[PDB]
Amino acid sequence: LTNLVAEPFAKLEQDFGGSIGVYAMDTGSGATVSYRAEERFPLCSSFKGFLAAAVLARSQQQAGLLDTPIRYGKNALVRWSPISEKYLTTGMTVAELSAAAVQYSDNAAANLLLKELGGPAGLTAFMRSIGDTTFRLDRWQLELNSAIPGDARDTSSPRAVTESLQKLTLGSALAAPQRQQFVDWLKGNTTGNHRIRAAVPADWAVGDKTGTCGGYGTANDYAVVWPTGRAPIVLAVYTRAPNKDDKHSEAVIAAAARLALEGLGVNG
């Protein structure tokens, strides 16, 4: 049930000047679209979605975790912390930091939560605990965004991202309340309007998390999409390119998502 219908991903990545990796699963039938799906691509900020899921998983055993107030100093405010900079003088709760990390890609929030989980190895351990043997986080922000060609640090594959996203948003990896909270945070993301969402009709529900590394044409998005009248679709689109100065493209990500939905026979 893989690639029952061929789609011109090769022409798309060639026009882009790099590599595009796509894995999309129709959770009803199990049919998939797969292109470079087992190659590694840099996670960039897309790790922050799985970080929030790991926090939610811990909150199942720590009843008061999400409401715990976290205070931080100016030293914690790294570039692009649009929410946490507004609460420097007050603090924020773990839940608020998690929402900011998912919905605004807030860097200070993500760093504080990463510290809570035991750093890159702790997030990697959480992903192993749901059966993901591909994901690896190795560095803190923002060194993890280097996107060096051939470097496996801070990477996963489109397939493993999709498989893990399915487990966390639709499967049993989180308890039901935490699952729906993860979904709600993804639905509330503000940074992905020009990526997978741009391929999704306005009358369908969707949640996503973006990543943008800032070198080597490297950017990505993963999403769960609820077309009306049929089972949800989970998909991941990751890009990279050979030269440090190559620019990423949101349009290429949206276009790859359209091809994935077309390949699955989802009328959009």
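Numbering starts at 1 and follows the sequence shown.
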TODO: Look up the CA B-factors in the entry and say which stretch, 171 to 179 or 153 to 161, has the higher mean.
DONE: 171 to 179
- [ ] Higher average CA B factor in the deposited record is what I'm after, so tell me if that's 35 to 43 or 22 to 30.
- [x] 22 to 30
TODO: Between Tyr87, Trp80, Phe126, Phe135, let me know which has the highest C-alpha B-factor in the entry?
DONE: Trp80
- [ ] Among the candidates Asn243, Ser59, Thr218, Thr210, give the one with the maximum CA B-factor reported in the record.
- [x] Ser59
Task: Record-listed C-alpha B factor of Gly49: chain third - done: lowest
TODO: Name the third of the chain's ranked CA B-factors that contains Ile196, choosing lowest, middle or highest.
DONE: lowest
Open item on the list: Where does the C-alpha B-factor of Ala254 rank in its chain, lowest, middle or highest third?
Closed with: lowest
Open item on the list: Quick check for you: using the entry's CA B-factors within this chain, is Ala109 in the lowest, middle or highest third?
Closed with: middle
Open item on the list: By the recorded C-alpha temperature factor, relative to the other modelled residues in its chain, which third is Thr228 in?
Closed with: middle
